[PDB]
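Undergrad: An experimental structure, sequence included, is below.
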Amino acid sequence: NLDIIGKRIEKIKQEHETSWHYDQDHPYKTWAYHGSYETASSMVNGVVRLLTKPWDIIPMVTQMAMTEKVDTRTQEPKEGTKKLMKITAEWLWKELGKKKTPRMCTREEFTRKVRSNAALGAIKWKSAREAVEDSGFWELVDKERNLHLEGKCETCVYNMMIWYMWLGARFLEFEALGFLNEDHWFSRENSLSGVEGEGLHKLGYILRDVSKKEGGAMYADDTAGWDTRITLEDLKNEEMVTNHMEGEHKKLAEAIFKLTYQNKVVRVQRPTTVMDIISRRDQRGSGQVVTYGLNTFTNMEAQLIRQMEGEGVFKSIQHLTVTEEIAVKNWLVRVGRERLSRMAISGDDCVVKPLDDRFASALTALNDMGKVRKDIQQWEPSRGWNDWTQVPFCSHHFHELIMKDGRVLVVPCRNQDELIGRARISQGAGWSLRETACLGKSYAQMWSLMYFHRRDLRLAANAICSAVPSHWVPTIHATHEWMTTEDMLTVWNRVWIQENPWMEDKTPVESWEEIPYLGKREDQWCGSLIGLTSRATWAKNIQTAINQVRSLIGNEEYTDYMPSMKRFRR
Ligand SMILES: Cc1cc(Cn2nc(C)ccc2=O)on1
Ligand SMILES: Cc1cc(Cn2nc(C)ccc2=O)on1
Ligand SMILES: [Cl-]
Ligand SMILES: [Cl-]
Ligand SMILES: [Zn+2]
Ligand SMILES: [Zn+2]
């Protein structure tokens, strides 16, 4: 308690000593309140919207651009649950460690990241790019760092909104734990369940490979507030990664887990406006990228245990017998790798193809670990999927699509209203017409690469790339091959043919017309506006929309991509 968070509390209390009140009308029950002191909406991308006019009248698209569970308490698991988690976690860190070496990340790696611009989620210095160059920052980092070796913390404080800390705390986190992401610990090759750095063009092939295994249905249960259900027991099993570490690193990592993860401190703005200095031990509070890795780890653990319960490796979560402990360990050593290979896990998101459908009603460990399923009753058995093409994963489903030459594409898909609505939204303001156009172009090239099989998206993508100057540059499961000025057909051939391990025949495709679409009926099912008069007017009069946007941007060098499509080929 206060002996670990006090210093951080004391430092803040003094920076606002003038205005400090211990409010008695504070809304926190499960969060500890210490005191109080006085104290970037969604915009529309006009380039994308002018080139998607039929969607101006679709409420699912237009509503997307308009516009308390953290204060809950998860009970401590039973002793038999806690045992199962401890044994599985120890075995899983060993497996992940077999072919990887934990190691500290470096400023010269962190710096380069800030130069490339990433969601480091950091709050004297204007931007992050500036602070990185000023050694005064690195001096502050040194003081804190040397404090962490002391077993103490001063400035590592969360700001609720998404939990931003200041760039310095983010570095000390990245220094100790960045290896997890930087060195691909949750790669499919390394972790067997993971998909880190796979890409949306590989996920469908991965789910089809799981489907090939003998077993029951495919289960894809979402957790209700995954992060809020992260117990102190989960934070302590995650910390066992430090047992694979040495020297300074082991100390630095131990400090992040002890002082920032297992004993947090947060400043939340309450408009009644008084900045509450609230604390708590449990729930998920980290950088988005370390959160991804530890979420994947803990999810892999929970799902192996749910598989154990379904296969009758253990009878009761209340207590584990000495013989059961040996049986769990023997199960992991004998079949652990096989059972990891039956799953696709991305943070809190999973798909499991268990040995059989006993898994569907194996609920006691899952519920007692506090990973309560969403959109169902706690003890109602899971609904599985019989077809890998119906399974939801990372907000997508996957279609099997046969090319006119017999080669097989497995393509990602979601409701087209969600795709068009997202492309019409920008995260921030103050951007130029040029920067808005380059973001439109990023969406267009993503659509050409991932969603080429949707008739409306291939047409709108061609229209946007025709409307934006040819040479202008586009601006954690994913890898982003669409962020380039290279020709999109060349990138398509690299991604879907050359580099695709599921494609035996490497014959390049010579034109976009060789590249197939979904069934005309399969397109409407996933939200296409084909067979509507509106969409017909838009398609026919596409060159007029392209010319409207060219006139707004001005006299630049443009390319006509519309003749890459059959209907505009004269
Ligand atoms: C993805 C993503 C990035 C942004 C923020 N943004 N918005 C504009 C208008 C221009 C550039 C830019 O980066 O919005 N969505
Ligand atoms: C079902 C179904 C059949 C069609 C006919 N049609 N097909 C296309 C590809 C474009 C426009 C068009 O009217 O559209 N939806
Ligand atoms: Cl199904
Ligand atoms: Cl994007
Ligand atoms: Zn600290
Ligand atoms: Zn679909």
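TA: Received the coordinates, thanks. Numbers count the residues shown, from 1 in each chain. Ligands and ions are numbered 1, 2, ... in the order given.

Undergrad: quick one, helices of the stretch 351-500 of the chain?
TA: Remark: helices assigned in the stretch 351-500 of the chain by DSSP state H, counting those that start in this stretch are 364-368, 416-423, 433-450, 455-467, 488-493.

Undergrad: and if you look at the stretch 1-150 of the chain?
TA: So, for the stretch 1-150 of the chain - with DSSP H, counting those that start in this stretch - the helices run 2-15, 46-50, 59-62, 79-97, 107-116, 128-133, 135-150.

Undergrad: Highest mean neighbour count across those, which stretch is it?
TA: helix 46-50 (a mean of 21; mean count of other C-beta atoms under 10 Å). C-beta coordinates here come from the backbone N, C-alpha and C atoms, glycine included.

Undergrad: Same question for whichever residue of the stretch 201-350 of the chain sits closest to ligand 2, what's its three-state structure.
TA: As assessed by C-beta to the nearest ligand atom, ligand 2 sits closest to residue 204 within the stretch 201-350 of the chain, at 23.0 Å. Under DSSP: H, G, I helix; E, B strand; the rest coil, residue 204 falls in the helix class.

Undergrad: Hmm, residue 411 and it touching each other?
TA: Yes - using C-beta atoms under 8 Å, residue 204 is in contact with residue 411, at 6.4 Å.

Undergrad: and for the two, which residues touch both?
TA: 398-399 (C-beta atoms under 8 Å, 6 or more residues apart in numbering).

Undergrad: Between the two, which is the more surrounded one?
TA: Neighbours per residue, other C-beta atoms under 10 Å: of residue 204 and residue 411, the larger number sits with residue 204, 25 against 22.

Undergrad: ok, now which ones touch the residue in the stretch 301-450 of the chain positioned nearest to ligand 5?
TA: Of all residues in the stretch 301-450 of the chain, residue 347 sits closest to ligand 5, at 25.0 Å by C-beta to the ion. Shown in contact with residue 347 (C-beta under 8 Å, 6+ apart): 226, 291-292, 295-296, 299, 476.

Undergrad: Just the CA coordinates for stretch 301-317, please, in PDB.
TA: Extracted in PDB, the C-alpha atoms of stretch 301-317 (Å, rounded to 0.1, in the frame of the first residue of the first chain):
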ATOM      1  CA  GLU A 301      -2.900 -19.500 -20.200                       C
ATOM      2  CA  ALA A 302      -6.700 -19.300 -19.600                       C
ATOM      3  CA  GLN A 303      -7.600 -21.100 -22.800                       C
ATOM      4  CA  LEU A 304      -5.100 -24.100 -22.200                       C
ATOM      5  CA  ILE A 305      -6.700 -24.400 -18.700                       C
ATOM      6  CA  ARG A 306     -10.300 -24.300 -20.200                       C
ATOM      7  CA  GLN A 307      -9.000 -27.100 -22.600                       C
ATOM      8  CA  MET A 308      -7.600 -29.000 -19.500                       C
ATOM      9  CA  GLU A 309     -11.100 -28.800 -17.800                       C
ATOM     10  CA  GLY A 310     -12.800 -30.000 -21.000                       C
ATOM     11  CA  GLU A 311     -10.400 -33.000 -21.300                       C
ATOM     12  CA  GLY A 312     -11.000 -33.900 -17.600                       C
ATOM     13  CA  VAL A 313      -7.300 -33.300 -16.500                       C
ATOM     14  CA  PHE A 314      -8.700 -31.900 -13.200                       C
ATOM     15  CA  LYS A 315     -12.100 -32.400 -11.400                       C
ATOM     16  CA  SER A 316     -12.400 -29.400  -9.000                       C
ATOM     17  CA  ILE A 317     -11.000 -25.700  -9.000                       C
END
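
Undergrad: Domain ranges for the protein, per the record?
TA: Listed domain ranges for the chain are 1-38+106-177+232-281, 184-228+293-393, 395-568 (source: automatic domain parsing).

Undergrad: what about the first one, near ligand 5?
TA: Spelled out, it's domain 1-38+106-177+232-281. Yes - with C-beta under 5 Å from the ion as the criterion, ligand 5 is reached by domain 1-38+106-177+232-281 at 153, 156.

Undergrad: Tell me which of the domains of the chain lies nearest to residue 84.
TA: domain 184-228+293-393 (5.2 Å; C-beta to C-beta).

Undergrad: what's the first-to-last distance across the closest one?
TA: Start-to-end span of domain 184-228+293-393 (C-alpha to C-alpha, to the nearest Å) is 20 Å.

Undergrad: now swap in stretch 372-389 and tell me
TA: For stretch 372-389, the end-to-end distance is 26 Å (C-alpha to C-alpha).

Undergrad: buried residues in that stretch?
TA: 372-373, 382, 384-385, 388 (16 or more other C-beta atoms under 10 Å).

Undergrad: unless I'm mixing things up, residue 507 is touching residue 498, no?
TA: No - contact between residue 507 and residue 498 fails when scored by C-beta under 8 Å: they sit 10.3 Å apart.

Undergrad: which residue packs closest to the residue of the stretch 201-350 of the chain closest to ligand 2, ignoring adjacent ones?
TA: Nearest residue to residue 204 in three dimensions, chain neighbours excluded: residue 398, at 3.2 Å (C-beta to C-beta, 6 or more residues apart in numbering).
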